[PDB]
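Student: Sequence, then structure. It's an experimental one.
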Amino acid sequence: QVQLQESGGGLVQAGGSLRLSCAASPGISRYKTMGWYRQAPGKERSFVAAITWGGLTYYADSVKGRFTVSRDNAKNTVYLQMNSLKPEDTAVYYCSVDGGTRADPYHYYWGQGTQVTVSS
Amino acid sequence: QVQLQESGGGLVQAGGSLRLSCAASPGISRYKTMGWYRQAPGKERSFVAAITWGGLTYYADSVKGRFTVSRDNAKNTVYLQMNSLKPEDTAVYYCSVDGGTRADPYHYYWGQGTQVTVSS
Amino acid sequence: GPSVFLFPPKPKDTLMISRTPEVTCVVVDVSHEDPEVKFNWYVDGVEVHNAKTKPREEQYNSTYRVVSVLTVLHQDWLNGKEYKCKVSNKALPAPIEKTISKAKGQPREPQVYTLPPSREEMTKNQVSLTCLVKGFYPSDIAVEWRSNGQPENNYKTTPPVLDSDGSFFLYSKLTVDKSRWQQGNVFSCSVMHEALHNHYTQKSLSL
Amino acid sequence: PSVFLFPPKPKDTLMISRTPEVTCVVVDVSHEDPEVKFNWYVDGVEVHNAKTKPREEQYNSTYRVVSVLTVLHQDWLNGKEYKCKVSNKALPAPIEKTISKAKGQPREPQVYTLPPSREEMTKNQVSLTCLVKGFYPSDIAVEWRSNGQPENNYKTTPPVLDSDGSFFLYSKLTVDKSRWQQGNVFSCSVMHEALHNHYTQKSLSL
Ligand SMILES: *[C@@H]1O[C@H](CO)[C@@H](O[C@@H]2O[C@H](CO)[C@@H](O[C@@H]3O[C@H](CO[C@H]4O[C@H](CO)[C@@H](O)[C@H](O)[C@@H]4O[C@@H]4O[C@H](CO)[C@@H](O)[C@H](O)[C@H]4NC(C)=O)[C@@H](O)[C@H](O[C@H]4O[C@H](CO)[C@@H](O)[C@H](O)[C@@H]4O[C@@H]4O[C@H](CO)[C@@H](O)[C@H](O)[C@H]4NC(C)=O)[C@@H]3O)[C@H](O)[C@H]2NC(C)=O)[C@H](O)[C@H]1NC(C)=O
Ligand SMILES: *[C@@H]1O[C@H](CO)[C@@H](O[C@@H]2O[C@H](CO)[C@@H](O[C@@H]3O[C@H](CO[C@H]4O[C@H](CO)[C@@H](O)[C@H](O)[C@@H]4O[C@@H]4O[C@H](CO)[C@@H](O)[C@H](O)[C@H]4NC(C)=O)[C@@H](O)[C@H](O[C@H]4O[C@H](CO)[C@@H](O)[C@H](O)[C@@H]4O[C@@H]4O[C@H](CO)[C@@H](O)[C@H](O)[C@H]4NC(C)=O)[C@@H]3O)[C@H](O)[C@H]2NC(C)=O)[C@H](O)[C@H]1NC(C)=O
């Protein structure tokens, strides 16, 4: 079956950096958009970044300038590079294979989640 | 390297009958609906009959009751039985492989056309 | 590959206790080698089983079209309850799940104004009677015209349109024979929307 | 791939001071066949004046290509009828789409202005209404004018099909009740091909 197995979580203090990565089962991500979503307790799961198969990147305003999503199309893995981590960035991060529109997306698959917590 | 070959056209007098047939290349018609269209000189192509792979039949009112479409799914051939032919029925007759909607169909393949003439 | 569409109830069905609101799951582009498709339903992620599946219905394009109807115990949809349809099929690697709910956010009440025909319009044999419904949210609404209590047939209504303030308005035009208007006949515009008291209101209109 | 053909905007075909465009949009172009080719027909004569933008990837990782062809404005008004043909190596035969102005006897709009209902002035903002009815075909344009400068804060419904086969719509202008009360003159201006000079205005004040 399809897996979306993520890695690279942990704890960092404010202003540090961390590289999440998420490997796709073969085929399933090919020609499709891979997106990152994160969820804090007491809030919904919410959008962070996404990269199209052609390299177009989209960011939530909360995180523009500080995170950078990228992708290795050949190995089926997508990456999220987090810089200037601030305590608000504490959450579980789920990666997805996405369709639809930027304003109204459709979520094909979800990874099982990684915790990333940034202490002050 | 012919797809959709129609046959059995010819010349007939009013009130006569004729059995059009159309053989498809292996594969191209399987699970797909096949149609008949006709074009008279001085007019554009227009719909006559169609039969879906599951055997549902559609007709233009011009020919309802008078024409009968049928299909041998295993032989990949569709048949048009024209009865009580009247002088408007003169035209070039094309078979097709169709998709889409009745009101807005989409044509995968076209036959090369056979002339059918109904005398006075 | 087969595709799924999930449709809401009709505004009237959720507004009247006398009517059954239904949520509808449509599967098109089902192929012939594998006709069979799931239906599993969830109101708020708890599985229900009240759904009615009709037999698959062949289409012009030689694909199947399957429909599953779930009837909602009216107050649920009206409460922001969330409904999920999930379909898998041998031609689908993983199931497709679609979700639907009432528009989220604060209901705002409609405002109903009737407008007489313009003084010019009486050179015509029929005058236009106008009802302006504005300031409402969500867009779901039902508007009808009534005279003497009995219904009125000869009216048309615009689709809801987005006003710049983020709410909707529409207009309702009832065409009456000028004689009927001038003889002092009283006409009535009736509007239903959830944000109204009693889910209902009129405004009257007469010479 | 799917294909969508859009008419010119009404304004642009009604005023000579504006250029009407016909627009062909192809979505769901995949990455295995990035290539899309376009053929245009003005009443079955192939043209070649058309502008194809370079394809632009979308959020869902399919492409969207748009080809724009410009109309010899009177042509759209003369009922010239337009055909887009889209070829793509993932489709056996092309997709062809056609579009034109509705045919039939053009009927003149009738423009009525309506004061706000008085139950409305409990608000600081009142709505001014324009009824445009009896018109055919549906291509039309409505604006609100005061003192010559336009009015920004107006909305208009889409044309609706009336029982006689003709169209109507409404246009709602919101003004500050102070503005309504001072005797300010407000103007409903509509353009439509059956109107004299393609134009008429209808004004209204307390
Ligand atoms: C990947 O992501 C893609 C983009 O993110 C996405 O593309 C989208 O694809 C869908 C189809 O799958 C397409 O939907 C069509 O949209 C038509 C209207 O598009 C307008 O308006 C919408 C807002 O409603 C905008 O989103 C569009 O950009 C477009 O804007 C217009 O653009 C032109 C060009 O600049 C301007 O001049 C206009 O002024 C501007 N106007 C507006 C208001 O925006 C819509 O009308 C289509 O409906 C027709 O087909 C439907 C069935 O699919 C029917 O239900 C419906 O009734 C219509 O039937 C048509 O009716 C006509 C009138 O009778 C007939 O002449 C037609 O023959 C008939 N068509 C039939 C029967 O097929 C349609 O829904 C989106 O527009 C498109 N989005 C964009 C931005 O291009 C992909 O789908 C995604 N794919 C995947 C796999 O994820
Ligand atoms: C074989 O032949 C089949 C039969 O003709 C044909 O099925 C057709 O498939 C197309 C697309 O594959 C599908 O198009 C969709 O239609 C949606 C609206 O469908 C309504 O209304 C149309 C008329 O406009 C009717 O034709 C439909 O039957 C359906 O009727 C409704 O049915 C229910 C239940 O019976 C009734 O209760 C309703 O009252 C009734 N409504 C009527 C009669 O008006 C349309 O909204 C869809 O567009 C949306 O998705 C597109 C992407 O695919 C977007 O581009 C577009 O903007 C819309 O986006 C959605 O927007 C929502 C916000 O409002 C979001 O919440 C959604 O998330 C978002 N969806 C997205 C992004 O996916 C879409 O165009 C036809 O409906 C369907 N017809 C039938 C009869 O089943 C097959 O295609 C054919 N296959 C082949 C291979 O040829």
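Tutor: Cool, the structure landed. Numbers count the residues shown, from 1 in each chain, chains lettered A, B, ... in the order given. Ligands and ions are numbered 1, 2, ... in the order given.
Student: Now the residue lying closest to residue C:136 once chain neighbours are set aside: phi and psi?
Tutor: Once flanking residues are discounted, residue C:136 sits nearest to residue C:110: 3.6 Å by CB to CB, 6 or more residues apart in numbering or on different chains. Using the backbone N, CA and C atoms, a C-beta is placed for each residue, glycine as well. Dihedral angles of residue C:110 (phi, psi; degrees, to the nearest 10) stand at phi -70, psi 160.
Student: Relative to residue C:205, how far out is residue C:187?
Tutor: The gap separating residue C:187 from residue C:205 is 5 Å, by CB to CB, to the nearest Å.
Student: which residues are common contacts for the two?
Tutor: C:114, C:129 (CB atoms under 8 Å, 6 or more residues apart in numbering or on different chains).
Student: Near chain B, which residues of chain C? Just list them.
Tutor: With the criterion set to CB under 8 Å from any CB of the partner chain, chain C comes near chain B through C:31, C:32, C:33, C:58, C:59, C:60, C:61, C:62.
Student: and the second one, what element?
Tutor: I take that to be residue C:32. Per DSSP states H and E: residue C:32 is located in neither a helix nor a strand.
Student: surely the residue nearest to residue C:136 meets residue C:133?
Tutor: Yes. Assessed by CB atoms under 8 Å, residue C:110 is found in contact with residue C:133 at 5.1 Å.
Student: which residues do these two both contact?
Tutor: C:141, C:191.
Student: Determine whether any part of stretch C:131-146 lies close to ligand 2.
Tutor: No. Using CB under 6 Å from any ligand atom, stretch C:131-146 stays clear of ligand 2, with a minimum separation of 10.5 Å.
Student: residue in chain C nearest to chain A?
Tutor: residue C:94 (6.7 Å; CB to the nearest CB).
Student: Just the element for residue A:19, please.
Tutor: With DSSP H and E as the test, residue A:19 turns up in strand A:18-24.
Student: That should have said residue C:80, apologies.
Tutor: With DSSP H and E as the test, residue C:80 turns up in no helix or strand.
Student: next one: phi and psi at it?
Tutor: Torsion angles, degrees, to the nearest 10, at residue C:80: phi 70, psi 10.
Student: Residue C:90 too?
Tutor: Dihedral angles (degrees, to the nearest 10) for residue C:90: phi -50, psi -30.
Student: The residue nearest to it when sequence neighbours are not counted: how many residues sit nearby?
Tutor: With CB to CB, 6+ apart as the criterion, residue C:90 has its nearest non-adjacent residue at 3.8 Å, and that residue is residue C:34. For residue C:34, the neighbour count with other CB atoms under 10 Å in any protein chain shown is 13.
Student: Quickly list the domain ranges of chain C.
Tutor: C:1-101, C:102-207 (curated CATH domains).
Student: hmm, stretch A:41-60 touching chain D?
Tutor: Yes. Using CB under 8 Å from any CB, stretch A:41-60 reaches chain D at A:50, A:52, A:53, A:54, A:56, A:58.
Student: who wins for neighbours among the residues you listed?
Tutor: For the residues of stretch A:41-60 next to chain D, the largest number of neighbours (other CB under 10 Å) sits with residue A:50, at 25 neighbours.
Student: Contact partners for residue 82?
Tutor: Answering for chain A, as no chain was given. A:17, A:18, A:19, A:20, A:66, A:67, A:89, A:116.
Student: if you could check chain C rather than the one you did, that'd help
Tutor: Contacts of residue C:82 (CB under 8 Å, 6+ apart): C:43, C:44, C:45, C:99, C:100, C:101.
Student: got the residues of chain C near chain A?
Tutor: Residues of chain C lying near chain A (CB under 8 Å from any CB): C:93, C:94.
Student: give the contact list for the residue of chain C found nearest ligand 1.
Tutor: Going by CB to the nearest ligand atom, ligand 1 is nearest to residue C:3 of chain C, at 9.0 Å. For residue C:3, the contacting residues are C:27, C:28, C:29, C:96, by CB under 8 Å, 6+ apart.
Student: Can you dump the C-alpha atoms of the longest strand along chain A in CSV for me?
Tutor: Longest strand in chain A, counting residues (DSSP state E): strand A:91-100. Provided in CSV are the C-alpha atoms of strand A:91-100 (Å, rounded to 0.1, in the frame of the first residue of the first chain):
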residue,chain,number,x,y,z
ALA,A,91,2.9,21.3,16.2
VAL,A,92,2.6,18.0,14.6
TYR,A,93,3.4,18.3,10.9
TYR,A,94,1.7,16.1,8.3
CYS,A,95,2.7,15.8,4.7
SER,A,96,0.2,15.2,2.0
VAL,A,97,-0.3,14.5,-1.7
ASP,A,98,-2.7,17.2,-2.9
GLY,A,99,-5.1,18.1,-5.7
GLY,A,100,-7.7,20.7,-6.5
